[PDB]
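Q: Input file: protein.cif. Contents: mmCIF, N, CA and C atoms.
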data_protein
#
loop_
_atom_site.label_atom_id
_atom_site.label_comp_id
_atom_site.auth_asym_id
_atom_site.auth_seq_id
_atom_site.Cartn_x
_atom_site.Cartn_y
_atom_site.Cartn_z
N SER A 1 -0.96 73.18 61.25
CA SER A 1 0.38 72.83 60.84
C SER A 1 0.25 71.91 59.66
N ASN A 2 1.05 72.13 58.65
CA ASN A 2 0.95 71.35 57.44
C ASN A 2 2.28 70.70 57.20
N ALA A 3 2.27 69.58 56.54
CA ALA A 3 3.47 68.85 56.25
C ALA A 3 3.24 68.04 55.01
N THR A 4 4.27 67.41 54.54
CA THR A 4 4.23 66.61 53.34
C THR A 4 4.00 65.14 53.68
N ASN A 5 3.56 64.89 54.93
CA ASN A 5 3.37 63.54 55.51
C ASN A 5 4.72 62.87 55.74
N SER A 6 5.43 62.65 54.67
CA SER A 6 6.74 62.13 54.74
C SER A 6 7.70 63.32 54.75
N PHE A 7 8.39 63.48 55.84
CA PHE A 7 9.29 64.59 55.99
C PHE A 7 10.58 64.08 56.60
N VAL A 8 11.67 64.71 56.26
CA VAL A 8 12.97 64.30 56.73
C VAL A 8 13.33 64.98 58.03
N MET A 9 13.31 64.23 59.11
CA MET A 9 13.80 64.74 60.36
C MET A 9 15.02 63.93 60.79
N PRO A 10 16.21 64.49 60.63
CA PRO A 10 17.44 63.81 60.97
C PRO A 10 17.88 63.94 62.40
N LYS A 11 18.99 63.29 62.61
CA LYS A 11 19.86 63.40 63.73
C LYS A 11 20.89 62.33 63.62
N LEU A 12 22.06 62.61 64.18
CA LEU A 12 23.23 61.76 64.12
C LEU A 12 23.84 61.83 62.72
N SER A 13 24.38 63.01 62.40
CA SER A 13 25.02 63.34 61.11
C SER A 13 23.99 63.43 59.97
N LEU A 14 23.33 62.35 59.68
CA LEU A 14 22.36 62.27 58.61
C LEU A 14 21.03 61.86 59.22
N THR A 15 20.14 61.35 58.43
CA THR A 15 18.91 60.86 58.95
C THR A 15 19.11 59.41 59.40
N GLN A 16 19.71 59.26 60.56
CA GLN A 16 19.95 57.96 61.12
C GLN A 16 18.97 57.70 62.24
N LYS A 17 18.98 58.62 63.23
CA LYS A 17 18.10 58.55 64.40
C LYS A 17 18.45 57.34 65.31
N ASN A 18 18.07 57.41 66.57
CA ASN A 18 18.22 56.29 67.47
C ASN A 18 16.98 55.44 67.25
N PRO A 19 16.99 54.15 67.60
CA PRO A 19 15.79 53.33 67.47
C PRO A 19 14.62 53.91 68.26
N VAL A 20 13.51 54.04 67.59
CA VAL A 20 12.31 54.56 68.20
C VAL A 20 11.63 53.48 68.98
N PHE A 21 11.31 53.78 70.20
CA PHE A 21 10.62 52.85 70.98
C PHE A 21 9.17 53.22 70.94
N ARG A 22 8.43 52.40 70.32
CA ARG A 22 7.07 52.67 70.18
C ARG A 22 6.28 51.80 71.07
N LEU A 23 5.65 52.41 72.01
CA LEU A 23 4.86 51.70 72.92
C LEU A 23 3.42 51.91 72.66
N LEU A 24 2.83 50.90 72.14
CA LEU A 24 1.45 50.91 71.85
C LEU A 24 0.81 50.44 73.12
N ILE A 25 0.12 51.29 73.77
CA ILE A 25 -0.42 50.91 75.02
C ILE A 25 -1.87 50.73 74.84
N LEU A 26 -2.36 49.62 75.26
CA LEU A 26 -3.77 49.40 75.05
C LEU A 26 -4.35 48.53 76.08
N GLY A 27 -5.63 48.48 76.06
CA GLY A 27 -6.37 47.65 76.90
C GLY A 27 -7.72 47.54 76.34
N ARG A 28 -8.51 46.68 76.86
CA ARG A 28 -9.83 46.53 76.35
C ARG A 28 -10.73 47.56 76.94
N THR A 29 -10.56 47.77 78.19
CA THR A 29 -11.24 48.79 78.89
C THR A 29 -10.51 50.10 78.74
N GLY A 30 -9.23 50.03 78.97
CA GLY A 30 -8.40 51.19 78.95
C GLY A 30 -7.90 51.51 77.57
N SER A 31 -8.81 51.69 76.65
CA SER A 31 -8.46 52.05 75.30
C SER A 31 -8.27 53.58 75.24
N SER A 32 -9.05 54.29 76.03
CA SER A 32 -8.97 55.75 76.12
C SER A 32 -7.94 56.15 77.18
N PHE A 33 -7.10 55.21 77.55
CA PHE A 33 -6.06 55.43 78.49
C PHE A 33 -5.03 56.38 77.90
N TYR A 34 -4.84 56.29 76.59
CA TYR A 34 -3.88 57.12 75.84
C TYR A 34 -4.38 58.52 75.79
N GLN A 35 -5.64 58.62 75.86
CA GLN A 35 -6.33 59.83 75.81
C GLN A 35 -6.49 60.43 77.19
N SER A 36 -5.87 59.81 78.16
CA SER A 36 -5.83 60.35 79.48
C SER A 36 -4.41 60.27 80.05
N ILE A 37 -3.47 60.07 79.15
CA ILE A 37 -2.04 60.12 79.45
C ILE A 37 -1.63 61.56 79.28
N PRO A 38 -0.90 62.13 80.25
CA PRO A 38 -0.40 63.48 80.14
C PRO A 38 0.41 63.66 78.88
N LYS A 39 0.13 64.75 78.18
CA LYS A 39 0.77 65.19 76.90
C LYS A 39 2.30 65.04 76.91
N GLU A 40 2.84 65.08 78.09
CA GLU A 40 4.26 64.97 78.39
C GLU A 40 4.81 63.65 77.87
N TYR A 41 4.04 62.63 78.10
CA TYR A 41 4.44 61.28 77.79
C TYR A 41 3.61 60.72 76.65
N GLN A 42 2.45 61.32 76.42
CA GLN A 42 1.46 60.85 75.45
C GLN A 42 2.08 60.62 74.06
N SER A 43 3.00 61.50 73.68
CA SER A 43 3.69 61.45 72.39
C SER A 43 4.49 60.14 72.19
N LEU A 44 4.88 59.53 73.28
CA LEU A 44 5.72 58.35 73.30
C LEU A 44 4.92 57.11 73.02
N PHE A 45 3.64 57.19 73.20
CA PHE A 45 2.84 56.03 73.06
C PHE A 45 1.95 56.15 71.85
N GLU A 46 1.15 55.15 71.63
CA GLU A 46 0.35 55.07 70.46
C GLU A 46 -0.97 54.34 70.76
N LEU A 47 -1.97 54.56 69.90
CA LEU A 47 -3.25 53.85 69.96
C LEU A 47 -3.30 52.77 68.87
N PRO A 48 -4.20 51.77 68.97
CA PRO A 48 -4.29 50.71 67.99
C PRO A 48 -4.95 51.15 66.68
N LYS A 49 -4.70 50.37 65.65
CA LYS A 49 -5.29 50.54 64.33
C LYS A 49 -5.59 49.18 63.79
N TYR A 50 -4.59 48.32 63.86
CA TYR A 50 -4.75 46.94 63.55
C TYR A 50 -5.19 46.23 64.83
N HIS A 51 -6.37 46.66 65.27
CA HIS A 51 -6.99 46.36 66.56
C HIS A 51 -6.92 44.94 67.03
N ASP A 52 -6.49 44.84 68.30
CA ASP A 52 -6.45 43.62 69.11
C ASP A 52 -5.83 42.42 68.41
N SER A 53 -4.93 42.68 67.46
CA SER A 53 -4.25 41.61 66.78
C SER A 53 -2.96 42.06 66.06
N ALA A 54 -3.12 42.53 64.84
CA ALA A 54 -2.01 42.79 63.94
C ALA A 54 -1.27 44.10 64.22
N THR A 55 -1.61 44.79 65.27
CA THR A 55 -0.88 45.99 65.58
C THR A 55 0.17 45.72 66.66
N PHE A 56 0.16 44.52 67.16
CA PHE A 56 1.13 44.07 68.15
C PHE A 56 2.56 43.81 67.54
N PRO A 57 2.69 43.25 66.28
CA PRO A 57 4.01 43.03 65.70
C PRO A 57 4.67 44.34 65.35
N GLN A 58 3.83 45.29 65.00
CA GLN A 58 4.22 46.60 64.50
C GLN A 58 4.97 47.45 65.54
N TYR A 59 4.81 47.16 66.81
CA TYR A 59 5.36 48.02 67.83
C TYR A 59 6.45 47.40 68.65
N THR A 60 7.33 48.27 69.14
CA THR A 60 8.41 47.95 70.05
C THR A 60 7.83 47.22 71.22
N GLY A 61 6.80 47.80 71.77
CA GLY A 61 6.14 47.18 72.87
C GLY A 61 4.67 47.46 72.88
N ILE A 62 3.94 46.56 73.47
CA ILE A 62 2.51 46.67 73.62
C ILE A 62 2.16 46.52 75.05
N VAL A 63 1.33 47.38 75.52
CA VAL A 63 0.95 47.31 76.87
C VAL A 63 -0.41 46.78 76.98
N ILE A 64 -0.69 46.18 78.08
CA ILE A 64 -1.97 45.69 78.35
C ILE A 64 -2.47 46.36 79.61
N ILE A 65 -3.35 47.26 79.46
CA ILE A 65 -4.04 47.79 80.57
C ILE A 65 -5.35 47.08 80.69
N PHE A 66 -5.48 46.41 81.76
CA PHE A 66 -6.62 45.61 82.01
C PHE A 66 -6.96 45.70 83.44
N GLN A 67 -8.10 45.21 83.79
CA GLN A 67 -8.47 45.19 85.16
C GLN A 67 -8.79 43.76 85.57
N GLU A 68 -9.08 42.92 84.59
CA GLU A 68 -9.46 41.55 84.88
C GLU A 68 -8.61 40.51 84.17
N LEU A 69 -8.62 39.32 84.75
CA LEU A 69 -7.87 38.14 84.31
C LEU A 69 -7.98 37.92 82.83
N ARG A 70 -9.18 37.61 82.40
CA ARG A 70 -9.44 37.28 81.02
C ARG A 70 -9.30 38.47 80.09
N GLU A 71 -9.21 39.66 80.64
CA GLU A 71 -8.98 40.79 79.77
C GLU A 71 -7.52 40.77 79.38
N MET A 72 -6.69 40.46 80.35
CA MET A 72 -5.28 40.31 80.11
C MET A 72 -5.03 39.14 79.20
N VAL A 73 -5.63 37.99 79.52
CA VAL A 73 -5.38 36.74 78.81
C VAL A 73 -5.53 36.87 77.30
N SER A 74 -6.61 37.46 76.87
CA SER A 74 -6.93 37.63 75.46
C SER A 74 -5.85 38.43 74.72
N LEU A 75 -5.29 39.39 75.41
CA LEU A 75 -4.30 40.27 74.82
C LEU A 75 -2.90 39.68 74.97
N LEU A 76 -2.70 38.96 76.05
CA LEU A 76 -1.41 38.38 76.40
C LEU A 76 -1.11 37.28 75.40
N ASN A 77 -2.18 36.69 74.94
CA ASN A 77 -2.19 35.73 73.87
C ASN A 77 -1.65 36.34 72.63
N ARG A 78 -2.33 37.39 72.20
CA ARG A 78 -2.05 38.11 70.98
C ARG A 78 -0.59 38.51 70.86
N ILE A 79 -0.02 38.88 71.97
CA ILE A 79 1.38 39.26 72.05
C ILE A 79 2.29 38.15 71.52
N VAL A 80 1.95 36.91 71.81
CA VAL A 80 2.85 35.84 71.42
C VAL A 80 2.51 35.29 70.05
N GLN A 81 1.26 35.42 69.66
CA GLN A 81 0.81 34.92 68.38
C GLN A 81 1.14 35.85 67.24
N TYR A 82 1.35 37.09 67.57
CA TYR A 82 1.70 38.09 66.56
C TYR A 82 3.10 38.65 66.79
N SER A 83 3.82 38.10 67.75
CA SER A 83 5.18 38.59 68.04
C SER A 83 6.05 37.57 68.77
N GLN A 84 5.63 37.20 69.99
CA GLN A 84 6.35 36.28 70.86
C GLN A 84 7.57 36.96 71.50
N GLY A 85 7.43 37.23 72.77
CA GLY A 85 8.50 37.74 73.58
C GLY A 85 8.86 39.18 73.38
N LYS A 86 7.86 40.02 73.27
CA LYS A 86 8.05 41.46 73.14
C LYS A 86 8.14 42.09 74.53
N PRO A 87 8.72 43.31 74.63
CA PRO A 87 8.65 44.09 75.85
C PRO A 87 7.23 44.61 76.02
N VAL A 88 6.48 43.92 76.81
CA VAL A 88 5.09 44.22 76.98
C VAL A 88 4.84 44.63 78.38
N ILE A 89 3.93 45.52 78.55
CA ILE A 89 3.74 46.13 79.83
C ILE A 89 2.34 45.84 80.38
N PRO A 90 2.23 45.24 81.54
CA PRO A 90 0.95 45.06 82.18
C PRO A 90 0.64 46.18 83.20
N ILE A 91 -0.54 46.71 83.10
CA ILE A 91 -1.06 47.68 84.03
C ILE A 91 -2.12 46.88 84.71
N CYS A 92 -1.97 46.62 85.96
CA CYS A 92 -2.78 45.58 86.52
C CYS A 92 -3.53 46.00 87.77
N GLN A 93 -4.19 45.06 88.41
CA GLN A 93 -4.98 45.33 89.58
C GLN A 93 -4.54 44.38 90.71
N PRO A 94 -4.46 44.86 91.99
CA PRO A 94 -3.98 44.06 93.12
C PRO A 94 -4.97 42.98 93.53
N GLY A 95 -4.51 42.05 94.35
CA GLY A 95 -5.35 40.96 94.79
C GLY A 95 -5.44 39.86 93.76
N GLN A 96 -5.66 40.26 92.52
CA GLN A 96 -5.81 39.37 91.42
C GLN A 96 -4.49 38.79 90.98
N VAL A 97 -3.45 39.17 91.63
CA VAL A 97 -2.11 38.79 91.27
C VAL A 97 -1.86 37.28 91.35
N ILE A 98 -2.64 36.62 92.20
CA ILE A 98 -2.57 35.17 92.40
C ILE A 98 -3.02 34.41 91.13
N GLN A 99 -3.70 35.08 90.26
CA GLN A 99 -4.12 34.49 89.03
C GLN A 99 -3.55 35.26 87.86
N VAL A 100 -3.49 36.52 88.03
CA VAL A 100 -3.09 37.49 87.03
C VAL A 100 -1.59 37.49 86.77
N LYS A 101 -0.79 37.26 87.77
CA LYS A 101 0.64 37.26 87.56
C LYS A 101 1.14 35.85 87.50
N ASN A 102 0.21 34.98 87.60
CA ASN A 102 0.41 33.56 87.53
C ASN A 102 0.04 32.98 86.22
N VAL A 103 -1.05 33.39 85.63
CA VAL A 103 -1.35 32.87 84.33
C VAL A 103 -0.34 33.45 83.33
N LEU A 104 0.13 34.65 83.68
CA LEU A 104 1.13 35.36 82.94
C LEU A 104 2.48 34.66 83.01
N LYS A 105 2.72 33.90 84.07
CA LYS A 105 3.94 33.13 84.26
C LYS A 105 4.18 32.20 83.12
N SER A 106 3.13 31.64 82.64
CA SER A 106 3.18 30.70 81.57
C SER A 106 3.67 31.36 80.25
N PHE A 107 3.72 32.67 80.25
CA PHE A 107 4.27 33.43 79.17
C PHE A 107 5.60 34.04 79.64
N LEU A 108 5.58 34.61 80.84
CA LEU A 108 6.73 35.26 81.46
C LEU A 108 7.86 34.25 81.66
N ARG A 109 7.56 33.14 82.36
CA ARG A 109 8.56 32.09 82.62
C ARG A 109 9.04 31.43 81.32
N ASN A 110 8.27 31.58 80.28
CA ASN A 110 8.61 30.98 79.01
C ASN A 110 9.21 31.99 78.08
N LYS A 111 9.42 33.20 78.60
CA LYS A 111 10.07 34.29 77.88
C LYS A 111 9.28 34.72 76.65
N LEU A 112 8.00 34.45 76.70
CA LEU A 112 7.07 34.76 75.66
C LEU A 112 6.60 36.19 75.82
N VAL A 113 6.95 36.77 76.95
CA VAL A 113 6.72 38.16 77.27
C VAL A 113 7.84 38.61 78.20
N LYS A 114 8.16 39.88 78.16
CA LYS A 114 9.15 40.50 79.03
C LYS A 114 8.73 41.92 79.24
N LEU A 115 9.31 42.57 80.21
CA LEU A 115 8.96 43.91 80.52
C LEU A 115 10.15 44.73 80.97
N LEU A 116 10.01 46.03 80.92
CA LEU A 116 11.06 46.98 81.32
C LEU A 116 10.48 48.08 82.20
N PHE A 117 9.21 47.98 82.37
CA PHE A 117 8.40 48.96 83.05
C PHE A 117 7.91 48.36 84.39
N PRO A 118 7.84 49.15 85.48
CA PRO A 118 7.28 48.69 86.76
C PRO A 118 5.73 48.80 86.75
N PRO A 119 5.01 47.64 86.74
CA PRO A 119 3.54 47.61 86.60
C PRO A 119 2.80 48.39 87.69
N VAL A 120 1.81 49.14 87.26
CA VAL A 120 1.03 49.97 88.14
C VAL A 120 -0.43 49.50 88.17
N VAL A 121 -1.17 49.93 89.19
CA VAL A 121 -2.55 49.61 89.34
C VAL A 121 -3.37 50.48 88.40
N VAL A 122 -4.12 49.83 87.53
CA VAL A 122 -4.95 50.49 86.52
C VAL A 122 -5.93 51.53 87.12
N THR A 123 -6.54 51.18 88.23
CA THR A 123 -7.50 52.06 88.87
C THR A 123 -6.80 53.17 89.69
N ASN A 124 -5.49 53.19 89.67
CA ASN A 124 -4.78 54.18 90.41
C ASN A 124 -4.22 55.20 89.47
N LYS A 125 -5.06 56.15 89.12
CA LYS A 125 -4.69 57.22 88.19
C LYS A 125 -3.56 58.08 88.79
N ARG A 126 -3.45 58.02 90.10
CA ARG A 126 -2.47 58.80 90.86
C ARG A 126 -1.07 58.37 90.49
N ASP A 127 -0.84 57.06 90.45
CA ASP A 127 0.51 56.58 90.22
C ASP A 127 0.96 56.74 88.83
N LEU A 128 0.06 57.09 87.94
CA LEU A 128 0.42 57.25 86.55
C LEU A 128 1.38 58.41 86.40
N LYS A 129 1.33 59.33 87.34
CA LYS A 129 2.17 60.50 87.31
C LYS A 129 3.61 60.19 87.66
N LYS A 130 3.84 59.10 88.36
CA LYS A 130 5.21 58.70 88.68
C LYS A 130 5.62 57.53 87.81
N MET A 131 4.63 56.76 87.38
CA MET A 131 4.82 55.63 86.52
C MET A 131 5.43 56.05 85.20
N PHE A 132 4.81 57.04 84.57
CA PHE A 132 5.25 57.51 83.28
C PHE A 132 6.61 58.16 83.32
N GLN A 133 7.00 58.69 84.49
CA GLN A 133 8.30 59.33 84.63
C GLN A 133 9.37 58.30 84.39
N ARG A 134 9.25 57.20 85.07
CA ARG A 134 10.26 56.18 85.01
C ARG A 134 10.17 55.31 83.80
N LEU A 135 9.18 55.53 83.00
CA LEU A 135 9.15 54.91 81.71
C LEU A 135 10.07 55.74 80.83
N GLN A 136 9.81 57.06 80.84
CA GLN A 136 10.58 58.05 80.08
C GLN A 136 12.05 57.91 80.40
N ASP A 137 12.34 58.07 81.68
CA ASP A 137 13.71 58.11 82.20
C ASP A 137 14.44 56.84 81.89
N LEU A 138 13.73 55.75 81.90
CA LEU A 138 14.34 54.46 81.75
C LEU A 138 14.75 54.25 80.34
N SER A 139 13.90 54.66 79.47
CA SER A 139 14.14 54.59 78.09
C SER A 139 15.27 55.56 77.70
N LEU A 140 15.54 56.51 78.59
CA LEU A 140 16.61 57.46 78.35
C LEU A 140 17.90 56.80 78.70
N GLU A 141 17.80 55.86 79.62
CA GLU A 141 18.95 55.11 80.11
C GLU A 141 19.31 54.04 79.09
N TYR A 142 18.37 53.75 78.21
CA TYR A 142 18.58 52.77 77.15
C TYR A 142 19.05 53.45 75.87
N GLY A 143 18.88 54.75 75.84
CA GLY A 143 19.28 55.55 74.69
C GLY A 143 18.33 55.43 73.51
N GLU A 144 17.08 55.14 73.80
CA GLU A 144 16.05 54.97 72.79
C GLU A 144 15.12 56.19 72.75
N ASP A 145 14.48 56.41 71.61
CA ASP A 145 13.52 57.50 71.42
C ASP A 145 12.50 57.11 70.38
#
Take the structure in the file and give it back as structure tokens.
A:
Amino acid sequence: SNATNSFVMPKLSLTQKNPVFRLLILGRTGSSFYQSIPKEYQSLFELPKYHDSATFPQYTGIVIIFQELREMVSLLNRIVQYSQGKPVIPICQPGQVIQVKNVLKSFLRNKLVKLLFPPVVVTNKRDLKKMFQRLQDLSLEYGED
């Protein structure tokens, strides 16, 4: 398929379009997570370019798929230093919640981060099939694309 790179795809009378919700989903470990997201939803998300820093301001939301405390911390940081209070999504691991959803409080309670997505267990590839549904559907309820 060939294109002119810049191409006019309209909607809403002219080329207006609804606000695009760009969810850059990433993790340190789960970098190939996008590459294991079903094609159905895969189009909605994005991979990093301005790696682990400057690609966070660029997106509607940034997700953090992590499995460990300090994996989250490093990225959770970046969210506020390059944006502050974005719709960010944690894909997390159970048990660790006593530290993981607590160190996050210091950002969450301070409104330095917010979310619209119901967090799932990173090691639970099973729930990704229902997780992504309600990401899609929810964003449909917001009227975003």
Q: Got a sec: who's within 6.5 Å of stretch 88-91 of chain A, counting all atoms listed in the file, leaving out chain neighbours fewer than 6 positions off, as a PyMOL selection string?
A: chain A and resi 61-67+113-117+119-122
Q: What gap, in Å, lies between atom CA of residue A:26 and atom N of residue A:48?
A: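 Atom N of residue A:48 lies at a distance of 6.5 Å from atom CA of residue A:26.
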Q: Residue A:52: which residues within 9 Å, counting only C-alpha atoms, same-chain residues fewer than 4 positions away excluded, as number ranges by chain?
A: A: 26-28, 48, 56, 74-75, 78
Q: If the PyMOL selection byres (((chain A and resi 135 and name CA) around 12) and name CA) were run on this exact file, what residues would it hold? Put them as an MDAnalysis selection string.
A: chainID A and resid 21:23 40:42 44:45 89 115:120 128:134 136:142 144:145
Q: Have a look at A:36, A:4, A:31, A:106 and name the one nearest to residue A:80; count only C-alpha atoms.
A: A:106
Q: Could you tell me, as a PyMOL selection string, which residues of chain A DSSP assigns to helix (DSSP H, G or I) when given the backbone?
A: chain A and resi 34-36+39-42+69-81+97-100+105-108+128-141
Q: Assign secondary structure with DSSP using the backbone only, and return the residues of chain A in strand (DSSP E) as a PyMOL selection string.
A: chain A and resi 23-27+45-46+61-65+86-87+89-91+113-114
Q: In terms of the shortest atom-to-atom distance over all atoms listed in the file, which of A:76, A:24, A:9, A:69 is closest to residue A:107?
A: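 Closest to residue A:107 of all the choices is A:76.
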Q: Point out the residue among A:29, A:13, A:1, A:35 with the least atom-to-atom distance to residue A:71, counting all atoms listed in the file.
A: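 Closest residue, counting all atoms listed in the file: A:29.
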Q: Between atom CA of residue A:50 and atom CA of residue A:5, measure the distance and give it in Å to one decimal.
A: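 Between atom CA of residue A:50 and atom CA of residue A:5 the gap works out to 20.2 Å.
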Q: Figure out the distance between atom N of residue A:59 and atom CA of residue A:86, please, to one decimal in Å.
A: 9.1 Å
Q: Compare A:6, A:12, A:46, A:94 by their minimum atom-to-atom distance to residue A:25, counting all atoms listed in the file, and give me the closest one.
A: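 The closest residue to residue A:25 is A:46.
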